[PDB]
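Here the structure comes first, spelled out in structure tokens, and everything after it is commentary.
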Amino acid sequence: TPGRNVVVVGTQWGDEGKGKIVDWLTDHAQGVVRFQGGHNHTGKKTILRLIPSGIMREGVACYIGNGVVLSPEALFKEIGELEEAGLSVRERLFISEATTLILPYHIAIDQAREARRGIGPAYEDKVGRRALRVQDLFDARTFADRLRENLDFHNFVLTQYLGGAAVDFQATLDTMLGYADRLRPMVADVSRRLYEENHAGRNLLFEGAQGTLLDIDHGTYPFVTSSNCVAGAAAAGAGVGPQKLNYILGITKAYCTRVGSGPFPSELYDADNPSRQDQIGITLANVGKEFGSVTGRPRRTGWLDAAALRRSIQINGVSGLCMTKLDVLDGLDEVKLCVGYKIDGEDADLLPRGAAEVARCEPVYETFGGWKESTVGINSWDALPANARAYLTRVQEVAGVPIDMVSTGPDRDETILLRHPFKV
Amino acid sequence: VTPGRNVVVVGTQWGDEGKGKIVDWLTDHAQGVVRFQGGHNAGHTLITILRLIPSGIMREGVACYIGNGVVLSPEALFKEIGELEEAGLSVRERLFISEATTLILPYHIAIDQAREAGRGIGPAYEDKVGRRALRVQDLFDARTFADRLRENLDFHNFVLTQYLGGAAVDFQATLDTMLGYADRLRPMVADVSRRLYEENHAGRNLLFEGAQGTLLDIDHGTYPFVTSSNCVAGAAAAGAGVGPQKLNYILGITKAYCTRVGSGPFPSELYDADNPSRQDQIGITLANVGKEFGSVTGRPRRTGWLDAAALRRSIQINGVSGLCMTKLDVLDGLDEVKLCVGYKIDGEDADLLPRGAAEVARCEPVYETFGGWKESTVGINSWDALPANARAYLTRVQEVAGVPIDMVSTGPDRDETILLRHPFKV
Ligand SMILES: [Ca+2]
Ligand code: NA
């Protein structure tokens, strides 16, 4: 449909498996837009954390919105790998003049806090109204002046409060200003360009980069990220109106994971928690390959939480679901769906607000007979095993929205398509 | 009125666009009114200024929501509730306050005070993004509230006493002050996100009420001369816990000339009481006739000509559906009126407000001049009854803006309105 956009978000806490799907939708988009987060997606193997995934398709414009926090070092490392693999990138990568920078002292602030990637500290400077943004790199004198003021405060905090080491002004200034000439030709008025893209009838994909249950308002605060990342964040973070956010595709894993700390009502297994060693959870982790891309650390696993999904559907305005990793359940004798909670002896049908309440939730489960067929690669709904269809039928009911897609494998045609996100 | 349709009402400029009459006008068609951003720095005048409580409260029966994106001062809240109850309204039974709303505490106020040498709003949003904020729900476990307050005070007192040259804020006094609000707040605490979902599912209509001018938006405004949060129309989604699809129609409230309060570049500026180089009698007259005096300090706002290049930017970053023009009558007396339609910057043409203080500060306005009408436009309720020269001015604003003028408010009463399209009808 001319002028129609999709937002692709993870409905859970990340690692939902957005990659195959973003690529699948990028075939119908003329622009792909990052609107939040930092550098937090895979004939040479290349891993992208910052650059929109659309860069893999020739003639697709990639936009880093104002709402991103940008490390120039990570950026140029990715560009470099891309170019080495033969891709033409810089002429079709557009970076908001108002994108917030990650500076060396943000990384040092994270390390000093930990001792007792700089994304939180960057968003902290932003809200503090002292942040240096991309455009500021192009006036050396006033960049140095703001940097100086920022380091006076942050070095006071680092040395006097966190007991750590001061960050050098001149080294920091030299490092930052050393990116200016390379960044210049990509700096752009992304907001304006996005309005023009749609006014010309072209389609945009707004690519989410963190699980929406990590949203700073709606997640299990304080175990959340340092910004909003619900699908409505794409408006402010890209410089467009909410009416451009036409269809919201909610990527949903068939079971749940978390990384790090934060409560998790349906949790089965956490390698670091002796009281959560459920073998079904260990199975989900191994069969699902739920280990960090970089660190190799296992993720926490649990059953799908439809009460959490229902909250997610409401806060994101999810239009339809795309289910992933169904196959990880193939050959379980039974599968459970968390459909609500008991909390302080009361029934609750939506994930509560804040860590304290969500840690008090005992999951209420419905039980389903498993199927044994492999479901790998199936591309029609009717060909799914009855017991898989019954589980997913129940997920739709509790969630309150349709499953529009089921991704059954890494290839484009390993996909059950019930409704096309880019067709009105 | 289309069932389940909502309107988001925002100022298109840097605030004080004169939203009051229109928010009252829209509230006649809405069963709930929602604040989604900001703090006790809205301003809705009554004959008394409401700054926190949503403006729906003036209409009996209408549900009023304080969304999660708000920063809430209990003392400010209970002051407004008391003024409203003394005037004989029933407030508390239909005021719903998000469990996740961020609290403003005394140390936030002390941090602002030390910095000066507003009202704790910025420091509250700083604790939020720092992932250490106390939120409304936190008042109802007194033990863990004290634990987190202790931690916050360790750090904020270090900053206050050793960096900003201010006095420490005492733990126990702060603990007592905040817990003293719990019993009164309790009945009003809610799952606003869920309730809004349910309201729309029942086919009721909601009005999402903007607090600050959208050009103060932290990403899109003249950074750092911006507010400490996002306030573009889109922010109603995160801020109230609803998806962007519920934000059906965005009404852009737009004053017929421009104002700013406090520092920041202002390309079409005519008058700034503190700037000797900006003392144009026209802008002085805009401030007097327009009554542009701060509600607290009483000091004149900065005034200038309508900036349509700024409006064009605001249309885009908000997804403004249609404009509501306000305070046209402030121009009734003028021989001629000027419209900023773009800029010269570094010798080259710009058609949109640039990003950030530096580039906006280098913009010289490009004006089109319009013959004044020298005739009252107070109370006119049809486009065709506007003077030829007022219609010409507004037609050009509409053209440069790129969206329609759907309403002109010509007066403080409901029927002093030109209605071209109804916001609540698909
Ligand atoms: Ca109540
Ligand atoms: Na370029």
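Just the heavy atoms: all of them, side chains too, but no hydrogens, waters or symmetry mates, feed the values below. Chain naming here is simple, since letters A, B, ... match the order of the sequence lines and numbering starts at 1 in each.
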Query raised in the report: Looking at B:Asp351, B:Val159, B:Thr227, which has the largest count of heavy-atom pairs under 4.5 Å with chain A?
Result: B:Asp351

Report task. Against chain B, label A:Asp125 side chain, backbone, both or neither, depending on which of its atoms sit under 4.5 Å from a heavy atom there. Result -> backbone

Query raised in the report: Among pairs that include at least one residue of residues 219-244 of chain B, which meet salt bridge (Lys or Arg N to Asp or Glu O under 4.0 Å), considering only residues two or more places apart or in two chains?
Result: A:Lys126-B:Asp219

Query raised in the report: When rounded to the nearest 0.5 angstrom, what is the spacing between CZ in A:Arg353 and CD in B:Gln137?
Result: 8.5 Å

Query raised in the report: Less than 4.5 Å apart, any side-chain heavy atom of B:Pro224 and any of A:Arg130?
Result: no

Query raised in the report: Heavy atoms, side chains only, cut-off 4.5 Å: are A:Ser227 and B:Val129 in contact?
Result: no

Query - For A:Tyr195, side-chain contact (heavy atoms from CB on, under 4.5 Å) partners two or more places apart - result: B:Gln316

Report summary line: Output for pair (A:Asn66 CG, B:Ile317 CD1), nearest 0.5 Å, gives 9.0 Å

Query raised in the report: Non-hydrogen atoms of chain B under 4.5 Å away: do they reach the side chain of A:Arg311, the backbone, both or neither?
Result: side chain

Report summary line: Between B:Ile218 and A:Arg133 the two heavy atoms that sit nearest each other are O-NH1, 4.1 Å

Query raised in the report: Do A:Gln243 and B:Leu247 come within less than 4.5 Å of each other through their side chains, counting heavy atoms only?
Result: no

Query - Side chain / backbone / both / neither for A:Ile313 at chain B, heavy atoms under 4.5 Å - result: neither

Query raised in the report: How many angstroms lie between atom CZ of B:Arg131 and atom OG of A:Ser226, to the nearest 0.5 angstrom?
Result: 3.0 Å

**Report entry** Which atoms of A:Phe223 approach chain B - backbone, side chain, both or neither, heavy atom under 4.5 Å
**Finding:** neither

Query raised in the report: Can you find a pair of side-chain heavy atoms, one from A:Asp152 and one from B:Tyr163, that are under 4.5 Å apart?
Result: yes

Query - Contact class of A:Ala356 relative to chain B, heavy atoms under 4.5 angstrom - result: neither

Requested in this report: Find out whether A:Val7 and B:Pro244 are in side-chain contact, i.e. whether some heavy atom of one side chain is under 4.5 Å from a heavy atom of the other.
Outcome: no

Query raised in the report: What is the distance from atom CD of B:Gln162 to atom CZ of A:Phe156, rounded to the nearest 0.5 Å?
Result: 6.0 Å

Query - Segment of A:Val230 engaging chain B (4.5 angstrom heavy-atom cut-off) - result: side chain

Report summary line: In short, B:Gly234 meets A:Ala235 closest at the heavy-atom pair CA-CB, 3.8 Å

**Report entry** Reported OG1-to-OH distance for the pair B:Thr102 and A:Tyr221, which is rounded to 0.5 angstrom
**Finding:** 6.0 Å

Query raised in the report: Side chain, backbone, both or neither: which part of A:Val318 has a non-hydrogen atom closer than 4.5 Å to chain B?
Result: neither

